Amino acid sequence: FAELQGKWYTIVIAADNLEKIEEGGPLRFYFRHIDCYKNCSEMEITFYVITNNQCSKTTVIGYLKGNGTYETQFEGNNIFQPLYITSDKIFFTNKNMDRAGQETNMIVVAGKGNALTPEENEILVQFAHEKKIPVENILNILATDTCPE
């Protein structure tokens, strides 16, 4: 998981509860950076979300557990882990349990800046099928990444 360290942007996000990741949704986030500590057992994530119609730069810490997942508190409880890592992309799975108890299953693809290639899109589709997330719920987040670098 040490391969997680560096500058990253959110390229695509897919979720079973689509309203969570559309504009205005609490889980629509725009990565900026991941810093790893202690052989990446602590993963600090820096990102932007829009809150009250303003860009809100945020940091949270993901804590690695014995089961190989990371837990972080943000808009509820999150349980996430990399599904597949390359030098220019990270495909993560995340399960969010909000404060009402609603569970949302998501796939987040982080990248260095470019849109996904055809092969990367195929990998994403295979993951969406495996996780039971509709392909019509795959959103292009890079297109609306408007907050400061």
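Note that chain A is numbered according to Swiss-Prot, with residues 19-167 shown in order.
Per the header of the entry, the method used was X-ray crystallography, 1.6 Å.
Just so you know, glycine gets a Cβ as well, placed from its N, Cα and C.
Annotation source Swiss-Prot lists disulfide bond at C54-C58 (among others), citing experimental evidence. The Cβ neighbour count for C58 (disulfide bond), using a 10 Å radius and every protein chain shown, is 18.
Long-range neighbours of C165 (disulfide bond) (same chain, six or more residues apart, CB within less than 8 Å of its CB): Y48, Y66, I68, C73, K75. If you look up Swiss-Prot, you'll see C73-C165 (among others) marked as disulfide bond, on the strength of experimental evidence.
On its own chain, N57 (N-linked glycosylation site) has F19, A20 as residues at least 6 apart in sequence with a Cβ closer than 8 Å to its own Cβ. If you look up Swiss-Prot, you'll see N57 (among others) marked as N-linked glycosylation site.
Feature annotation from Swiss-Prot assigns N-linked glycosylation site to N85 (among others); the stated evidence is experimental evidence. Cβ neighbours within 10 Å of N85 (N-linked glycosylation site), excluding its own Cβ and spanning all shown chains: 8.
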Neighbour-count leader, CB within 10 A, disulfide-bonded residues: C54, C73: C54
